[PDB]
>>> print(open('structure_12.pdb').read())   # PDB, C-alpha atoms (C1' of nucleotides)
ATOM      1  CA  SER A 134     -17.873 -16.665   1.071
ATOM      2  CA  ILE A 135     -14.153 -16.745   0.227
ATOM      3  CA  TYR A 136     -13.563 -13.878   2.675
ATOM      4  CA  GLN A 137     -15.201 -15.829   5.494
ATOM      5  CA  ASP A 138     -13.116 -18.880   4.544
ATOM      6  CA  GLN A 139      -9.892 -16.877   4.915
ATOM      7  CA  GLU A 140     -11.105 -15.475   8.245
ATOM      8  CA  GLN A 141     -11.750 -18.992   9.526
ATOM      9  CA  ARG A 142      -8.379 -20.254   8.267
ATOM     10  CA  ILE A 143      -6.518 -17.380   9.949
ATOM     11  CA  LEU A 144      -8.335 -17.771  13.275
ATOM     12  CA  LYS A 145      -7.667 -21.510  13.274
ATOM     13  CA  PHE A 146      -3.953 -20.897  12.629
ATOM     14  CA  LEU A 147      -3.611 -18.353  15.448
ATOM     15  CA  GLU A 148      -5.681 -20.582  17.756
ATOM     16  CA  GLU A 149      -3.348 -23.531  17.106
ATOM     17  CA  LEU A 150      -0.205 -21.440  17.548
ATOM     18  CA  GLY A 151      -1.186 -20.253  21.020
ATOM     19  CA  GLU A 152      -3.458 -17.542  22.420
ATOM     20  CA  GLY A 153      -0.502 -15.539  23.730
ATOM     21  CA  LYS A 154       1.775 -16.283  20.767
ATOM     22  CA  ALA A 155       1.975 -13.884  17.834
ATOM     23  CA  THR A 156       3.158 -14.030  14.229
ATOM     24  CA  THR A 157       3.502 -11.720  11.224
ATOM     25  CA  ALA A 158       1.121 -11.283   8.289
ATOM     26  CA  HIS A 159       4.004 -12.437   6.081
ATOM     27  CA  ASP A 160       4.140 -15.745   7.962
ATOM     28  CA  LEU A 161       0.339 -16.099   7.715
ATOM     29  CA  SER A 162       0.494 -15.356   3.978
ATOM     30  CA  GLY A 163       3.141 -18.000   3.371
ATOM     31  CA  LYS A 164       1.669 -20.724   5.567
ATOM     32  CA  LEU A 165      -1.855 -20.339   4.157
ATOM     33  CA  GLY A 166      -0.810 -19.610   0.582
ATOM     34  CA  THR A 167      -2.833 -16.402   0.440
ATOM     35  CA  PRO A 168      -1.574 -12.971  -0.757
ATOM     36  CA  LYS A 169      -0.307 -10.861   2.166
ATOM     37  CA  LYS A 170      -2.653  -8.106   1.022
ATOM     38  CA  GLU A 171      -5.687 -10.314   1.696
ATOM     39  CA  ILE A 172      -4.213 -11.578   4.956
ATOM     40  CA  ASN A 173      -3.781  -8.007   6.183
ATOM     41  CA  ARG A 174      -7.239  -6.905   4.998
ATOM     42  CA  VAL A 175      -8.635  -9.762   7.115
ATOM     43  CA  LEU A 176      -6.210  -9.217  10.024
ATOM     44  CA  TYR A 177      -7.037  -5.511  10.482
ATOM     45  CA  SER A 178     -10.721  -6.316  10.011
ATOM     46  CA  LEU A 179     -10.682  -8.940  12.761
ATOM     47  CA  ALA A 180      -8.634  -6.642  15.015
ATOM     48  CA  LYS A 181     -11.304  -3.975  14.471
ATOM     49  CA  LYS A 182     -13.899  -6.566  15.550
ATOM     50  CA  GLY A 183     -11.814  -7.216  18.680
ATOM     51  CA  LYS A 184     -11.190 -10.895  17.853
ATOM     52  CA  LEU A 185      -7.460 -10.385  17.301
ATOM     53  CA  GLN A 186      -4.847  -8.340  19.132
ATOM     54  CA  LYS A 187      -2.352  -6.324  17.114
ATOM     55  CA  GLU A 188       1.055  -5.861  18.716
ATOM     56  CA  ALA A 189       2.569  -2.483  17.854
ATOM     57  CA  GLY A 190       5.640  -2.871  15.682
ATOM     58  CA  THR A 191       7.193  -3.271  12.257
ATOM     59  CA  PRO A 192       6.088  -5.633  11.038
ATOM     60  CA  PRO A 193       3.018  -5.887  13.338
ATOM     61  CA  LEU A 194       2.588  -9.114  15.331
ATOM     62  CA  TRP A 195      -0.813 -10.829  15.529
ATOM     63  CA  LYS A 196      -2.473 -13.112  18.101
ATOM     64  CA  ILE A 197      -5.901 -14.278  19.288
ATOM     65  CA  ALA A 198      -7.279 -11.650  21.679
TER      66      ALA A 198
ATOM     67  CA  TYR B 136       9.295   2.930 -18.053
ATOM     68  CA  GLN B 137      10.962   5.645 -20.199
ATOM     69  CA  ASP B 138       7.582   5.394 -21.900
ATOM     70  CA  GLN B 139       5.438   6.488 -18.926
ATOM     71  CA  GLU B 140       8.150   8.651 -17.341
ATOM     72  CA  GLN B 141       8.234  11.099 -20.270
ATOM     73  CA  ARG B 142       4.429  11.365 -20.349
ATOM     74  CA  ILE B 143       4.262  12.544 -16.729
ATOM     75  CA  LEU B 144       7.159  14.960 -17.220
ATOM     76  CA  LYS B 145       5.353  16.351 -20.272
ATOM     77  CA  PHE B 146       2.020  16.854 -18.477
ATOM     78  CA  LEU B 147       3.564  18.656 -15.495
ATOM     79  CA  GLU B 148       5.588  20.841 -17.871
ATOM     80  CA  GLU B 149       2.581  21.733 -20.059
ATOM     81  CA  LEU B 150       0.931  22.422 -16.727
ATOM     82  CA  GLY B 151       3.589  24.946 -15.801
ATOM     83  CA  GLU B 152       6.641  24.567 -13.599
ATOM     84  CA  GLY B 153       5.020  26.713 -10.900
ATOM     85  CA  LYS B 154       1.819  24.625 -10.688
ATOM     86  CA  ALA B 155       1.708  21.219  -8.848
ATOM     87  CA  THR B 156      -0.740  18.291  -8.970
ATOM     88  CA  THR B 157      -1.647  14.924  -7.397
ATOM     89  CA  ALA B 158      -0.935  11.346  -8.471
ATOM     90  CA  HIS B 159      -4.695  10.745  -8.496
ATOM     91  CA  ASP B 160      -5.093  13.577 -11.035
ATOM     92  CA  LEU B 161      -2.233  12.301 -13.220
ATOM     93  CA  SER B 162      -3.785   8.835 -12.979
ATOM     94  CA  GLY B 163      -7.089   9.951 -14.482
ATOM     95  CA  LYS B 164      -5.741  12.501 -16.954
ATOM     96  CA  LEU B 165      -3.166  10.124 -18.463
ATOM     97  CA  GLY B 166      -5.440   7.111 -18.058
ATOM     98  CA  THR B 167      -2.778   5.227 -16.097
ATOM     99  CA  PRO B 168      -3.178   3.402 -12.717
ATOM    100  CA  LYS B 169      -2.180   5.424  -9.649
ATOM    101  CA  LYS B 170       0.031   2.586  -8.434
ATOM    102  CA  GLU B 171       2.485   3.211 -11.255
ATOM    103  CA  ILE B 172       1.962   6.946 -11.578
ATOM    104  CA  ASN B 173       3.391   6.904  -8.057
ATOM    105  CA  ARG B 174       6.278   4.538  -8.879
ATOM    106  CA  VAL B 175       7.391   6.969 -11.601
ATOM    107  CA  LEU B 176       6.730  10.119  -9.561
ATOM    108  CA  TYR B 177       8.744   8.957  -6.556
ATOM    109  CA  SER B 178      11.527   7.820  -8.893
ATOM    110  CA  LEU B 179      11.595  11.155 -10.743
ATOM    111  CA  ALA B 180      11.625  12.984  -7.410
ATOM    112  CA  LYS B 181      14.621  10.932  -6.249
ATOM    113  CA  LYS B 182      16.353  11.703  -9.562
ATOM    114  CA  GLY B 183      15.785  15.393  -8.888
ATOM    115  CA  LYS B 184      13.663  15.826 -12.031
ATOM    116  CA  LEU B 185      10.563  16.458  -9.899
ATOM    117  CA  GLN B 186       9.771  18.193  -6.599
ATOM    118  CA  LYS B 187       7.421  16.570  -4.098
ATOM    119  CA  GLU B 188       5.456  18.939  -1.894
ATOM    120  CA  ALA B 189       4.717  17.503   1.549
ATOM    121  CA  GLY B 190       1.082  16.790   2.347
ATOM    122  CA  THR B 191      -1.802  14.318   2.120
ATOM    123  CA  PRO B 192      -1.903  13.659  -0.748
ATOM    124  CA  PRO B 193       1.571  14.826  -1.883
ATOM    125  CA  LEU B 194       1.780  17.476  -4.611
ATOM    126  CA  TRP B 195       4.083  16.984  -7.611
ATOM    127  CA  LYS B 196       5.720  19.542  -9.899
ATOM    128  CA  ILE B 197       8.674  20.005 -12.249
ATOM    129  CA  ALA B 198      11.745  20.820 -10.144
TER     130      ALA B 198
ATOM    131  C1'  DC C   1       8.918  -1.872   4.036
ATOM    132  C1'  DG C   2       5.105  -0.056   8.452
ATOM    133  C1'  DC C   3       0.866  -1.197   3.446
ATOM    134  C1'  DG C   4      -4.736  -3.169   5.392
ATOM    135  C1'  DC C   5      -6.600   1.128   0.641
ATOM    136  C1'  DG C   6     -12.201  -0.459  -1.571
TER     137       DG C   6
ATOM    138  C1'  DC D   1      -6.044   7.150   2.597
ATOM    139  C1'  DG D   2      -0.276   9.388   3.253
ATOM    140  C1'  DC D   3       0.818   3.829  -0.414
ATOM    141  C1'  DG D   4       5.617   4.483  -4.237
ATOM    142  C1'  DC D   5       6.271  -1.724  -2.073
ATOM    143  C1'  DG D   6       9.442  -5.509  -6.074
TER     144       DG D   6
END
>>> encode(input="structure_12.pdb", output="structure tokens")
Amino acid sequence: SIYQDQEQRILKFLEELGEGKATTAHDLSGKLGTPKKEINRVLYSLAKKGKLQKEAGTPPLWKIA
Amino acid sequence: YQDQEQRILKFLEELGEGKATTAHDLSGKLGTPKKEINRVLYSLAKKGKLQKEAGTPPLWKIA
DNA sequence: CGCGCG
DNA sequence: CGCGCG
């Protein structure tokens, strides 16, 4: 599905960046060319599945867990 | 914008200055998306034309 | 301004 | 779930 494609693209991006390196949803949205709204829906979903770690803040930072 | 803004002000007035309602209610009653019912409501509240009552969801009435 | 919301 | 957000 398209949703699974976006999940895979996000995970690959965070995996390439660095396991202990985090970035914003805004950065993910721009780099992948996907609406921030869809990036966040996927980001919070993955974080709920424990695959990603959300760093408390504003805006929230994201990294591979 | 003046378009939608006067419709919401009218509804809440016909409702009665003492009575308050939600954006979700206004959205269905007026047949307008909640996203913009809220853009107008928050604007009108800032302009002092409306009073927002704290809560989840917020209640809206004529100031 | 944090927003992901169906 | 409060969301108005460009």
>>> residues_near_point(input="structure_12.pdb", point="(-5.9, -7.8, 3.6)", cutoff="8 Å", atoms="only C-alpha atoms (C1' of nucleotides)", output="PyMOL selection string")
(chain A and resi 169-177) or (chain C and resi 4)
>>> interface_residues(input="structure_12.pdb", of="chain D", to="chain B", cutoff="9 Å", atoms="all atoms listed in the file", output="ChimeraX atom specification")
/D:1-4
>>> atom_distance(input="structure_12.pdb", atom1="atom CA of residue 153 of chain B", atom2="atom CA of residue 136 of chain B")
25.2 Å
>>> resolve_selection(input="structure_12.pdb", expression="the PyMOL selection byres ((chain A and resi 150-157) around 12)", output="PyMOL selection string")
chain A and resi 143-149+158-164+169+172-173+176+184-198
>>> atom_distance(input="structure_12.pdb", atom1="atom CA of residue 198 of chain B", atom2="atom CA of residue 186 of chain B")
4.8 Å
>>> atom_distance(input="structure_12.pdb", atom1="atom CA of residue 156 of chain B", atom2="atom CA of residue 187 of chain B")
9.7 Å
>>> closest_residue(input="structure_12.pdb", among="A:142, A:178, A:166, A:137", to="chain C", atoms="only C-alpha atoms (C1' of nucleotides)")
A:178
>>> residues_around(input="structure_12.pdb", residues="residue 148 of chain B", least_positions_apart="4", cutoff="8 Å", atoms="all atoms listed in the file", output="PyMOL selection string")
chain B and resi 144+152+197
>>> axis_aligned_box(input="structure_12.pdb", around="chain D", padding_each_side="5 Å", output="JSON")
{"center_x": 1.7, "center_y": 1.9, "center_z": -1.4, "size_x": 25.5, "size_y": 24.9, "size_z": 19.3}
